[PDB]
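Just one chain is shown here, as structure tokens, and it is the form deposited in one PDB entry.
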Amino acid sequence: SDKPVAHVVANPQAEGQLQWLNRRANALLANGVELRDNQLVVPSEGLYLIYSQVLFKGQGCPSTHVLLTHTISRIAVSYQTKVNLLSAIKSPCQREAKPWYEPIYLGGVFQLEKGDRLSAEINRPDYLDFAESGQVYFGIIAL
């Protein structure tokens, strides 16, 4: 099978930032997919399933009202055109100490071109949970 695939996970050696890595235990890059400048690089044109899940965690609900965002964007090599493919906003606090857990999960099927770069970004890396092995991931599967 020649179809491009990748499943990348949060690098724990880089806490305070969401840095993706093809970690040895549960992550990989195959059939042309490269990981460059924290982005997944598409080797060929076609329909791809793009997916990601991030887990935020905080202890208590103080000061004001916290906004957690997760975003998947595409950069085409032509004109360096940047477009938002998937995005989601979540507010973990309804006034207030007890810890909260806010997962954000995104996915869809998209037409990608050769050289397309895909990034998966969060606004609050300080809330990212590095507790268990595979809760923070990003991937692409060519159909």
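Start at 1 with the first residue shown and count on from there. Take the two forms, find the largest set of C-alpha atoms that superpose within 1.5 Å, and that set is the rigid core.
Although not depicted, the form deposited in another entry is the subject of the following passage.
Worksheet item: Given a rigid core superposition of the two forms, which one of 29, 86, 68, 55 has its CA shift by 2 angstroms or more between the shown form and the other one?
Response: After core superposition, the one over threshold is 29.
Item to complete: Tell me whether residue 124 and residue 27 end up closer or farther apart in the other entry, going by their C-alpha atoms; the shift is 3 Å or more.
Response: Compared with the shown chain, residue 124-residue 27 is farther in the other entry.
Discussion item. A 3 angstroms or greater change in CA distance between residue 131 and residue 136 is reported in the other entry. Closer or farther than in this form?
Written reply: So the answer is closer.
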